[PDB]
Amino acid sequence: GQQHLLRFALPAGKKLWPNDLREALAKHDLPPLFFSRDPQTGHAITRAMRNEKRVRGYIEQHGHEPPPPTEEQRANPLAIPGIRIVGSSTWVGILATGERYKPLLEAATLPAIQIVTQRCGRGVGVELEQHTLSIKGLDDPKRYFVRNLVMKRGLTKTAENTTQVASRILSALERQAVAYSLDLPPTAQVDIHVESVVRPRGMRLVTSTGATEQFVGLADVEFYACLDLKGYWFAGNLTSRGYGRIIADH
């Protein structure tokens, strides 16, 4: 429920994209869960099962019943990244969602200062924010953006992409609300409207093991909803790299 954001203000002349900070932090001997890798699988965090039909299918495949969830699978059954590297053109930062992940932020803090000050030179500002994730309905529409929404599949350049993007935002807000035990208002109250899907484009998917041949869909979004979102909410894929951050217009 509690979010901690270590935020660095970048000097006017300087870029340090969230992926750049993430890549540089990977050279600093941090725990795998900082990078959303489950330390008990050696692979990226993934969702948990729960079904009696899924058990049956698992038994047919493997010849035994599913093992217990790992510690991260039990704590994080919807596989939402507890650490995200976030930012925009003017700042970069580390977001911990939940007290569980705050020690990972703490371990990365001096490394992050080293990286940002070495890349940017002098003039880096620092803030440390704390927020309570909350979602509450409104009577009138509130304007939001999504910065660099990533959709691994399904983002087109044609007019129906506004509806597709709207559905992806609803799906993501429902997933976070379930994960954090928050109440979403009725959809007819929320009444999401995607006003603009800005410059729908491609982005080559790069992993820690190198650049792939997959491209993902990437766009910027303006939308309205009768919702007051407090804290940092996300939509789409690849959010541990800061994609899909929802931003209230001010």
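Sequential numbering from 1, following the sequence displayed.
With respect to the recorded C-alpha B factors, which stretch has the higher mean value, 70-78 or 108-116? The entry gives the higher C-alpha B-factor average to 70-78.
Per the PDB record, is the mean Cα temperature factor higher over 118-126 or over 91-99? Averaged over C-alpha atoms, the B-factors run higher in 118-126.
Selection from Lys152, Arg168, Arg147, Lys136 [criterion: highest C-alpha temperature factor in the record]: The C-alpha B-factor peaks, among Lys152, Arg168, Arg147, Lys136, at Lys136.
Based on the entry's values, in what third of the chain does the Cα temperature factor of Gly13 lie: lowest, middle or highest? Highest third.
When the modelled residues of the chain are sorted by Cα temperature factor, does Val197 land in the lowest, middle or highest third? Highest third, going by the recorded CA B-factors of the chain.
Among the chain's modelled residues, which third holds the C-alpha B-factor of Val86? As the PDB entry reports it, the C-alpha B-factor of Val86 lands in the lowest third of its chain.
Entry-reported Cα temperature factor of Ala172, expressed as the chain third it lands in: Within its chain, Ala172 is a lowest-third residue by C-alpha B-factor, going by the deposited values.
Would you check the entry's CA temperature factor for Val221 and let me know if it's in the chain's lowest, middle or highest third? Ranked within chain, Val221 CA B lands in the lowest tercile.
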